[PDB]
Structures are given as C-alpha cells and as structure tokens.
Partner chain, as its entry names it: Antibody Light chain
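There is one chain below, alone, in structure tokens, taken in the form deposited without its partner chain.
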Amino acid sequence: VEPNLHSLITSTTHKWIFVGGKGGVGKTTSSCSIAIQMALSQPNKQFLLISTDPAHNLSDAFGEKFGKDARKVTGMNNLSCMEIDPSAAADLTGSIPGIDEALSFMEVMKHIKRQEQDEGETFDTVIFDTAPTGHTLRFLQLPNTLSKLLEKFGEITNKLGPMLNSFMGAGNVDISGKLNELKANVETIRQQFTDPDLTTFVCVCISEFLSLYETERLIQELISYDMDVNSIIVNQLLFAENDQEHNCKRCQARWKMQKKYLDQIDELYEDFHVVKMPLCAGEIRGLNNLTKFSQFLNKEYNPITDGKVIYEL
C-alpha cells in the first residue's frame, strides 16, 4: 500500500471525510491540508472544510475569519470553510449514550444543507475537522442502543397488569415518537458513514508512545462504529539524519525514538496508508504555506530531496 493520501485526494467516490487526532499532533493542519489538496486536484468539484472547535482553529490556521456561514478561502476557487458551535445552537442526555452527540451532529447537518440552499451551490465533499474533545461520533451506535432499550420496555410493559402500566402516566410518549424519528435519522446517515466508498476517517498522530497508543484506541473505537479507517498521518517527524546534521544531539536523540515507533506503526498498520510528514520550521499558517506542506500528503515526502521545500517555511 502507498504511503500517501493520493488515492483519497484523487477519489471521486467519497463525500464525507473525517480527520481526528488527540494531543497537539496536527489534526487541524492535516484537515486543512487534506481539504486544500483535494480541492486543488478536483477543480471541477466543490469542497467544504467544517470545524466545531469553539477556538475558531480554521480561522487561525488560514489567517481569515470564518463563521456560521460558508465562505470560500481567499485564494481558492472551490474550498470553503465553516466554523460552528453545534452545542451552543429532552434530557435522557445524561442517561442514554449518543443522544446528545446524535442531536449535536444533526445540528451540523442542518447548517450545511441550509448553506447549500442559500448559495444554491451544493458541496461535493465535506472534510470534517473533528472537535478536539469528547466522542463527536459515538452516535453511530445510537440506533442499536435504542433498539435494545425499547425492548426492555416491551419486555416489562408486556409482562405486567393494566394497573401498573396504566398507572405510570408520563409525558413520555411525546418521547416515544421522537426517539424513533431520531433512530431513523441516525440510521439513514449510518448507511452513508458506513460505506467505505462514501466516507472514511483519517487519523493523525505523532511518533511517540502515548500517541500510538491513543491512536490505536481511536482505530478500535472507529471500527466498533463501522467507520472506515485506512489512513493515518504521522506528523512532526524530524528526519534528523538527512537534516544536514544541524548538530544538536538532543534532536538526534528524539529522532532515534520517533524512528523506533515509526517501525512499530509500520509493522502494526502495514495494511493502512501510513503517511510520513516532516517537522517544519515554525507554525504552518496561511494558504500559501499550508499548500506547500499539504503537497506531501499526496506524494510521499523525501527528507533528502524535499528538504529544501520545508525549510523555506
């Protein structure tokens, strides 16, 4: 398998791509890069990079101001960003898992469709800059979670007397109707997010123990949801050997370790697209630098020859 995201960046079948990665690994940068890279290689289509981080990371990343309303990235023709707070814009929430996530997510699916209605321009693909916390998409399990719970009720409600059942008189069947109407919304989405050719998740990690462990946990969690996981980007690698030996033993030391774990990553995820990305000089901000960086998601970086490219950054 090829050490890059070329086939995805190039894909004409995907409509929903997720980009996650806990810890300060490069989740946002990778989102933008994937987004830019895809947009640039398919001028014919339209792209939407949406975030949820209240911190307004996409704004800080590109050097522009985005909000609840889609706005093309200054300098691009088909890449638009959108930063929303789903939580900001019914209380079994603190009892049944995935109910708040399912609702919070549906809220996102609405700001998108409505933005597609006003600008009359529908997005061909949406790159999801997953929120830095919680479990954004546990809701994929809501359907099976509700089926089991509305079977506990049917087991008790059928094994009792008219008295007991007709005794409890709650304003909960206004609930009975909306839990099934939701259990339907989720499942229609699940038929989408569960199709390998339609949506995939891209993990981001640094080459260190805690991040490999954390990203391993993520892949497990994503499999349990039936979400497709086939690509992981190992960011902030510092190929210190090819580094024209800029001295510093402290770094040569770090590199030896990253290499030790790249080997594990390599042996543990042989079937995945394990993309190696260089550690740049400073922050990677603005469309220009983001583009220059994003290029190595498509054609694997060469620490020997492409060195001169990330040092002009």
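Positions refer to the first chain, counted from 1.
The same protein also has a form deposited with its partner chain bound, omitted here; what follows describes it.
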(Q) With the partner left out here, check for me: in the deposited complex, does some heavy atom of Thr122 sit within 4.5 Å of its partner chain? (A) no
Q: Indicate whether its partner chain has at least one heavy atom within 4.5 Å of a heavy atom of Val126 in the deposited complex.
A: no
(Q) Is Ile223 part of the interface with its partner chain in the deposited complex - any heavy atom within 4.5 Å? (A) yes
**Q.** Any non-hydrogen atom of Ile219 within 4.5 angstroms of its partner chain in the deposited complex
**A.** yes
Q) Hey, which residues along 254 to 271 are within 4.5 angstroms of its partner chain in the deposited complex, non-hydrogen atoms only? A) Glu267, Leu268, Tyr269, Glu270, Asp271
